[PDB]
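Its first residue numbered 685, the sequence shown is counted upward by one per residue in this note's numbering. We treat Cβ as the ideally placed atom computed from N, Cα and C, and that holds for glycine. Inspection log for the structure reproduced underneath, given as structure tokens.
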Amino acid sequence: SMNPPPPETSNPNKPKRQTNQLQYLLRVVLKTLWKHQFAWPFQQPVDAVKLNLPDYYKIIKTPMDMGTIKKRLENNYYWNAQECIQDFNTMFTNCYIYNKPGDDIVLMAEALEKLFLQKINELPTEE
Ligand SMILES: Cc1cc(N2CCOCC2)cc2[nH]c(-c3c(NC[C@@H](O)c4cccc(Cl)c4)cc[nH]c3=O)nc12
């Protein structure tokens, strides 16, 4: 079995910016979720080989994880906050699509998503 290549975190011809909203997504949103006791399954791409999930990437065609998001933020890969918010939502949705309600991994995603929603509720107005 094989894992796909990870999502892109560098692309020199992609336009990019450093907005105050993207700064908040790194300093507040990512930092808060990354330190959480339930962050560990989401800190890197799903290793479907080691986890013995050969169907994972047959079902999940838009993978995303906080390790990739962290690199994208630190590399200033994004043009706007919506692109980064979409990455977080893709992460959570992938977990809910693949797994079953009440599974440990779903409870973990739900705890992180609740904090994500609380932080993005106070995304600053664009400077
Ligand atoms: C091992 C395993 C089994 C199953 N099935 C259970 C019953 O049916 C047969 C197979 C589904 C899985 N889903 C993921 C998964 C992740 N695993 C991280 C791993 O360290 C892990 C492994 C177990 C629990 C946790 Cl909390 C974390 C990370 C992100 N998204 C995911 O979906 N792992 C699964």
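Query                                                                                                                   : Result
Which of helix, strand or coil DSSP assigns to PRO725                                                                   : helix
CB contact flag (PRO690, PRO729, <8 Å)                                                                                  : yes
For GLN802 and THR752, the rounded distance between their alpha carbons                                                 : 22 Å
Environment of ligand 1 in chain order, Cβ to heavy atom below 6 Å                                                      : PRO725, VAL730, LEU735, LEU737, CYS779, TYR782, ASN783, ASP788, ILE789, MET792
Nearest to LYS742 (by Cα), restricted to the options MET792, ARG701, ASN697, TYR782                                     : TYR782
DSSP-derived helix/strand/coil call for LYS698                                                                          : coil
For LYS754 and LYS698, the rounded distance between their alpha carbons                                                 : 17 Å
Closest residue to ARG756 among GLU797, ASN736, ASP788, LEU709 (Cα-Cα distance)                                         : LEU709
Residues of its chain near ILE789, where Cβ-Cβ distance is below 7 Å and the 5 sequence neighbours each way are ignored : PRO725, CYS779, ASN783
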